[PDB]
Amino acid sequence: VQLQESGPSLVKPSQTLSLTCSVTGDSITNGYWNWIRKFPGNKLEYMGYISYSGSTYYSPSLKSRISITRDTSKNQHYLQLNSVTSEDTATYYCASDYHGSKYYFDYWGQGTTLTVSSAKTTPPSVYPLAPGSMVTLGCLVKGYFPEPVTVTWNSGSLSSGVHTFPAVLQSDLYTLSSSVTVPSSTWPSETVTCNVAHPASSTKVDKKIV
Amino acid sequence: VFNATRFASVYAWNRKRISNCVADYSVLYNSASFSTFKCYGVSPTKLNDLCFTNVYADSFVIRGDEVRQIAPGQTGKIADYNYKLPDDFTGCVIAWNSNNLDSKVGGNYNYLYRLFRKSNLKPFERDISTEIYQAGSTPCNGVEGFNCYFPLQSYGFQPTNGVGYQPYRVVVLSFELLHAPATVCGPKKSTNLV
Amino acid sequence: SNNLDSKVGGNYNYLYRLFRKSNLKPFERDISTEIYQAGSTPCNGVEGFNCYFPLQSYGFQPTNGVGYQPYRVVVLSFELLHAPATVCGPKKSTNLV
Amino acid sequence: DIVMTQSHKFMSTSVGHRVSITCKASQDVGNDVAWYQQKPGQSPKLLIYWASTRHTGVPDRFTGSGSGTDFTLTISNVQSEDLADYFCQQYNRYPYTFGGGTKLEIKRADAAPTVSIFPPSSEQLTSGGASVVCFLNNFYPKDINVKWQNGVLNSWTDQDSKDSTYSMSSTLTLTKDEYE
Amino acid sequence: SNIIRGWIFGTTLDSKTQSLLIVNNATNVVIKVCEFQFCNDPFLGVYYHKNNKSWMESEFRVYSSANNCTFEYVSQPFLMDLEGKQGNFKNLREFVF
């Protein structure tokens with residue numbers, strides 16, 4: 001079967017984090033579904049799983065802050081992570097146990113990014129940079145909090161010549177900086193759209209360079 | 001062992017007589033199959049090259065915070081009071097969760113454990129007595145009193161409790177390396193007589 | 001050292017950094033001694049329109065007192081770590097009979 | 001608690017040799033060894049199941065065997081595209097708790113990096129900003145003495161697959177009064 | 001005839017760790033401990049062996065570059081006799097490492 005990861009991306013600490021992985025293709029009558037967490041820094045921590053009969057197990061990495069529920073009629077699985085903190089920010093995935101054709105299979109889902117923080121939201125200010133064989137364009141993100149946020153070029157479709165720099169430490173806020181390269185054969189016929197999004201406040205800013 | 005219906009208490013556990021065979025080393029628990037991952041006594045993978053005389057499948061149900069206390073020569077709340085492994089213990093202790101298997105409506109109060117005792121347990125020694133004995137440095141002198149502790153305690157096996165108080169079924173790989181003629185070996189090829 | 005680093009009119013041959021982002025780590029050597037430029041017009045190595053010099057030059061004059069006198073500063077750095085102590089003078093002056 | 005004892009977090013190898021990743025566990029399974037593979041920027045996929053076959057999309061060079069303590073992942077003729085995260089798990093009993101992890105790298109010789117400093121643009125000076133961008137190419141390893149450090153936003157990328165080197169980009173975010 | 005000059009020591013003979021080599025270029029006996037980038041075949045070279053040799057050595061094909069040096073020593077300078085004499089072996093040197 002195929003899973004689809006979902007859930008809220010803004011959860012305050014010392015609360016209950018809920019997720020939803022829907023099963024598409026077959027009902028919850030045979031098989032096993034597990035929940036994993038992908039931490040940055042070459043780490044993959046396992047949390048647990050649930051079964052169709054009702055028996056579940058828990059990983060000994062968490063003492064008493066892990067609980068997995070599901071629903072047979074809704075064909076969805078749930079994850080209840082209690083006592084969240086800033087170190088629990090990781091990428092979530094959903095897997096499924098399946099046997100068939102004399103081989104073992106472990107299908108994977110899509111994945112989602114969840115950010116757990118207690119800081120308040122701050123709307124960013126996007127300001128493009130005018131140029132003055134290759135053309136140098138820029139898009140500065142000044143006045144945003146916290147670090148980091150969603151920042152890409154052409155909605156992730158542009159990867160050649162993209163140089164993403166980390167933020168600097170000002171007195172109160174942070175400031176991003178990024179610059180790409182565009183040849184003169186497309187300038188100024190083709191424009192580059194700077195896409196800066198803020199999932200913590202549902203702010204999506206689209207600025208084009210012209 | 002893990003496909004059984006239920007296990008007995010920590011003092012009157014149902015063991016299986018295992019002799020004159022080779023254990024199933026084809027499908028076992030290595031890459032953290034269960035919660036508890038502990039081995040004591042000897043090197044943890046020196047089991048196929050050595051033979052063992054008396055093998056018993058000691059299986060009992062404990063809490064979540066008591067699965068790492070079963071160890072030879074190590075103190076604990078159930079090691080020196082309920083079950084003491086012998087000095088020639090060469091196996092491992094590994095337990096899995098049984099919250100949806102051993103629980104019932106209202107809680108299962110059929111499992112008990114001894115918390116205090118007058119002296120430490122001998123190697124390979126068990127006791128099923130439920131009487132009141134000396135707790136610590138101050139004896140109770142019969143009935144519970146004179147500022148002493150209560151030895152006989154009961155497990156709070158409830159399905160609405162925390163994960164640390166859940167019932168956990170254990171399997172004790174009681175491989176004893178004694179001077180007796182051994183019966184259980186590993187899947188190895190022995191040499192000839194030189 | 002007023003015999004070599006003291007000239008009439010001011011010694012504008014050496015520079016120093018005026019501003020930066022924040023504080024620096026100990027023993028951070030930066031060899032950036034050229035004129036910074038952020039515009040399109042080249043400054044050609046000299047100052048001019050939109051050609052600022054943040055590396056200001058010092059001033060050494062023989063008519064100045066002890067406030068702006070050239071000090072040949074030699075910093076004697078010492079550090080103890082897990083490495084064995086080697087350079088502080090391996091021997092000393094003793095006597096014998 | 002699960003104690004997955006490993007020798008080193010990062011293992012060095014070369015193109016054409018044999019990768020040796022050993023999960024030094026304190027137990028034994030037998031003939032059921034499983035391994036994982038997670039490429040950087042992709043989803044974690046199944047790599048080795050039941051210690052004798054492979055998954056869809058897995059080449060024939062990925063295999064795993066061992067007995068007792070040392071379970072060694074065997075990769076013959078390792079290419080530059082085999083830089084991924086490997087984890088130790090099983091498929092015999094539930095739950096499927098993973099292992100520590102091992103990131104691979106290509107052992108090469110060190111070299112002097114190329115320093116190239118570019119001047120900032122004219123649009124940042126009008127708004128009141130500054131950014132001194134300096135690039136460093138063809139260096140090894142990722143942790144060297146960068147020369148042109150405090151306040152400079154250094155960011156190192158992954159290992160290159162052309163000549164087994166690294167790449168990085170460092171900027172100096174300043175203002176109008178700090179640059180002039 | 002003064003062909004053997006020194007030796008090359010190290011872990012894997014590259015710039016990964018600190019390497020040890022001694023270069024005898026017929027002027028000084030210098031021992032440096034740096035991270036030398038050794039090639040597939042390091043050696044030396046003497047020019048004009050037939051005529052106008054002048055007992056000097058100029059070519060250096062040991063390593064490409066080096067960084068993070070630890071030890072460096074310069075001995076007493078001398079004049080190495082690079083004359084192509086005929087006869088028996090004259091220099092007998094033993095070394096224990």
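In the PDB archive, cryo-EM is given as the structure determination method for this entry, at a resolution of 5.9 Å.

Identification of chain D as The light chain of 3C1 fab from Mus musculus is taken from the PDB entry. Its official PDB title, as written in the record, is "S-3C1-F3a structure, two RBDs are up and one RBD is down, each RBD binds with a 3C1 fab".

The name given to chain B in the PDB entry is Spike glycoprotein, and the organism recorded there is Severe acute respiratory syndrome coronavirus 2.

Engineer: What's the story with the overall build of chain B in this structure? I'm lost.
Structural biologist: Across its full length, chain B holds 0 helices and 8 strands. Going from N to C terminus, chain B has its helices and strands arranged as β-β-β-β-β-β-β-β. With the C-alpha coordinates of chain B rotated into their principal frame, the extents come out at 65 × 35 × 25 Å. Intrachain contacts of chain B at a sequence separation of at least 6 include 82% that bridge at least 24 residues. Carbon and sulfur atoms make up 50% of the accessible area of chain B, which amounts to about 10,400 Å² in all. Across chain B, 19 positive and 14 negative side-chain charges occur, with their mean positions spaced 3 Å apart.

Engineer: Any chance you could explain the state of the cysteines here in plain terms?
Structural biologist: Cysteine pairs can be linked by a disulfide, which is a covalent bond between their two sulfur atoms. Taken as a whole and judged by the stated rule, the model has 8 disulfides over all chains. One disulfide in the model links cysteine 139 of chain A with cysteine 194 of chain A; its S-S distance is 2.0 Å. In this structure, the disulfide formed by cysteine 139 of chain A and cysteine 194 of chain A twists by about 90 degrees around the S-S bond and is classed as right-handed. Note that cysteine 139 of chain A is positioned in strand β14 (residues 134-144) and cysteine 194 of chain A in strand β18 (residues 192-198), a separation of 55 residues in sequence. Across the disulfide, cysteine 34 of chain E is cross-linked to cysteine 69 of chain E (sulfur-sulfur distance 2.0 Å). One quick way to see it: the torsion about the S-S bond of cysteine 34 of chain E and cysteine 69 of chain E is about 100 degrees, and its sign makes the bridge right-handed. Note that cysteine 34 of chain E is positioned in strand β3 (residues 29-34) and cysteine 69 of chain E in the loop between β5 (59-63) and β6 (71-74), a separation of 35 residues in sequence. For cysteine 69 of chain E, a relative accessible area of 51% corresponds to the exposed category. Of note for chain B: the bonded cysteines, numbered N- to C-terminal, pair according to 1-3, 2-6, 4-5. Between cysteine 134 of chain D, a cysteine without a disulfide, and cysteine 43 of chain C, which holds the nearest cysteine sulfur, the sulfur-to-sulfur distance is 20 Å.

Engineer: When you look at the sheet that holds strand β7 (residues 70-76) of chain D in this model, what are you seeing that I'm missing?
Structural biologist: Note on sheets: strands pair through backbone hydrogen bonds, and any given pair is parallel or antiparallel. Residues and elements named next belong to chain D. Spatially, the 3 strands line up as an open sheet ordered β2-β7-β6, and their pairing is antiparallel. Only two strands of the sheet have a single neighbouring strand rather than two, namely β2 (18-22) and β6 (62-67). Taking each pair of neighbouring strands and ignoring which way they run, the sheet shows an average axis angle of 25 degrees. Inspection of the sheet shows β2 paired to β7 by 5 bridges, in the antiparallel sense. Counted as the bridge partner of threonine 22 is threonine 72 from β7.

Engineer: I keep staring at the UniProt feature "disulfide bond" in chain B and nothing clicks. Help me out?
Structural biologist: All names here are of chain B. A sulfur-sulfur distance of 2.0 Å between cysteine 51 and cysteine 185 means the disulfide UniProt records for this pair is formed in the structure. Note that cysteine 51 is positioned in the loop between β2 (38-39) and β3 (55-58) and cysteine 185 in the segment after β8 (168-175), a separation of 134 residues in sequence. On the basis of relative accessible area, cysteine 185 is assigned to the partly exposed category, the value being 26%.

Engineer: Hey, could you run me through the pattern of salt bridges in this one?
Structural biologist: Where charged atoms of side chains with opposite charge meet at close range, the side chains can pair. Scanning the entire structure with this criterion turns up 19 salt bridges over all chains. A salt bridge links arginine 169 of chain B to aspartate 102 of chain B, with the nearest nitrogen and oxygen atoms 2.5 Å apart. Within this pair, whereas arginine 169 of chain B is found in strand β8, its partner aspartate 102 of chain B is found in the loop between β5 (92-97) and β6 (112-114), the two being separated by 67 residues in sequence. Residue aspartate 177 of chain D pairs with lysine 176 of chain D through a salt bridge whose shortest N-O separation is 3.0 Å. The exposure class of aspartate 177 of chain D is exposed, given its relative accessible area of 54%. Owing to a relative accessible area of 33%, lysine 176 of chain D belongs among the partly exposed residues under this scheme. The structure contains a network of salt bridges with shared partners spanning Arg37, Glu45 and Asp88 of chain A.

Engineer: Is there a simple way to explain the arrangement of the chains in this structure?
Structural biologist: Among the 6 pairs of chains in contact, the pair with the most contacts is chains A and D. The two units chain B and chain C remain apart, with a minimum C-alpha distance of 35 Å. Kept free of each other, chain B and chain E leave a smallest C-alpha distance of 33 Å between them.

Engineer: How should I be thinking about the pairing of β6 of chain D in this particular structure?
Structural biologist: Two faces belong to every sheet, and in a regular strand the side chains alternate between them. Residues and elements named next belong to chain D. Taken together, the 6 bridges between β6 and β7 define a ladder with antiparallel strand orientation. Across the sheet, the residue bridging to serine 67 is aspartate 70, located in β7. Hairpin connection from β6 to β7: 2 residues lie between these consecutive antiparallel strands, with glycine 68 at a positive phi of about 80 degrees.

Engineer: It is not clear to me how the environment of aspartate 172 of chain A should be interpreted in this structure. Could you clarify?
Structural biologist: Structurally, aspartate 172 of chain A can be placed in the loop between β16 (163-169) and β17 (174-183). Residues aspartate 172 of chain A and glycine 143 of chain A lie 29 residues apart in sequence; the distance between their C-alpha atoms is 8.9 Å.

Engineer: Before we go on, may I ask you to explain the packing of aromatic side chains in this structure?
Structural biologist: Aromatic ring pairs are described here by two measures, namely the spacing of the ring centres and the angle between the planes. Enumeration over the complete set of coordinates arrives at 43 aromatic pairs over all chains. Their ring planes at 45 degrees and their centres at 6.4 Å tell us that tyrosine 104 of chain A and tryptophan 50 of chain D sit as a pair that is tilted. One end of the pair, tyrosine 104 of chain A, is in strand β10 (residues 103-108); the other, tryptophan 50 of chain D, is in the loop between β4 (45-49) and β5 (53-54), on a second chain. Against the face of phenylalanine 7 of chain B rests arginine 169 of chain B, its NZ or CZ located 5.5 Å from the ring centre.

Engineer: Looking at this model, I keep getting lost on the sheet that holds strand β7 (residues 67-71) of chain A. Mind explaining?
Structural biologist: Residue and element names in this part refer to chain A. Across the sheet, 4 strands lie side by side as β1-β3-β8-β7; this open sheet has antiparallel pairing. Here the strands that pair on one side only, and so sit at the sheet edges, are β1 (2-6) and β7. Strand-to-strand, the axes of this sheet are offset by a mean angle of 20 degrees, without reference to chain direction. Two elements, β1 and strand β3 (residues 16-24), share 5 bridges in a ladder whose sense is antiparallel. Bridging from a neighbouring strand, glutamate 5 pairs with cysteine 21 of β3.

Engineer: So what exactly am I meant to see when it comes to the interface of chain A and chain D here?
Structural biologist: Interface size is commonly expressed as the accessible surface area that is lost when the partners come together. On the chain D side, the residues contacting the 35 residues of chain A number 35 residues. For the chain A and chain D pair, buried surface summed over both sides reaches about 3,400 Å², with 65% attributable to carbon and sulfur atoms. Among the residues of chain A in contact with chain D, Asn42, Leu44 and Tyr104 of chain A are the three that bury the most area, contributing 21% of the side total. Summed over the shared surface of chain A and chain D, the number is 0 salt bridges. Inspection of the chain A/chain D interface yields 5 residue pairs in polar contact. At 6 residues, the largest contribution of residues to the side of chain A that touches chain D is made by β16 of chain A.

Engineer: Which parts of the structure should I look at to understand unusual backbone geometry?
Structural biologist: If a residue is not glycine, its phi is most likely negative; likewise, a peptide bond is most likely trans. Of note, the bond from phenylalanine 145 of chain A into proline 146 of chain A is cis; its omega dihedral lies within 30 degrees of zero at 0 degrees. With respect to the secondary-structure elements, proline 146 of chain A resides in the loop between β14 and β15 (150-153). With an omega of -5 degrees, the peptide bond between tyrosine 140 of chain D and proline 141 of chain D qualifies as cis. Considering the arrangement of structural elements, one finds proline 141 of chain D in the loop between β13 (133-139) and β14 (153-159). Backbone geometry at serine 54 of chain E places phi at a positive 60 degrees, although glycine is not the residue there. Its place among the elements puts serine 54 of chain E in the loop between β4 (38-45) and β5. For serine 54 of chain E, a relative accessible area of 58% corresponds to the exposed category. Within the chain, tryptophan 55 of chain E stands out as a residue other than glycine whose phi angle is a positive 60 degrees.

Basis of the calculations
- Residues numbered from 1 in each chain as written, not as in the entry; some residues may be left out.
- Chains lettered and ligands numbered in written order.
- Part of a larger assembly, values for the part shown.
- Heavy atoms only, no water.
- Helix = DSSP H or I, 4+ residues; strand = E, 2+ residues; numbered from the N terminus.
- Contact = heavy atoms within 4.5 Å.
- Areas by Shrake-Rupley, 256 points an atom, 1.4 Å probe, with all protein chains shown as cover.
- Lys, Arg positive; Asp, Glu negative; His and termini not counted.
- Charge placed at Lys NZ, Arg CZ, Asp CG, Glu CD.
- Disulfide = S-S within 2.5 Å.
- Buried < 20%, exposed > 50% of the residue type's maximum accessible area, 1.4 Å probe, protein only.
- Pairing = 2+ DSSP bridges.
- Axes fitted to C-alpha atoms, helices over the stretch in contact; angles between N-to-C directions.
- UniProt positions renumbered as here; feature names shortened; annotations may be inferred.
- Salt bridge = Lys/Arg side-chain N within 4 Å of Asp/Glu carboxyl O.
- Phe/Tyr/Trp six-rings, centres within 6.5 Å; stacked < 30°, edge-to-face > 60°.
- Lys NZ or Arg CZ within 6 Å of the ring centre and 35° of its normal.
- Buried area = accessible area lost by both parts, 1.4 Å probe.
- Polar contact = N/O pair within 3.5 Å; in protein donor to acceptor, adjacent residues only side chain to side chain.

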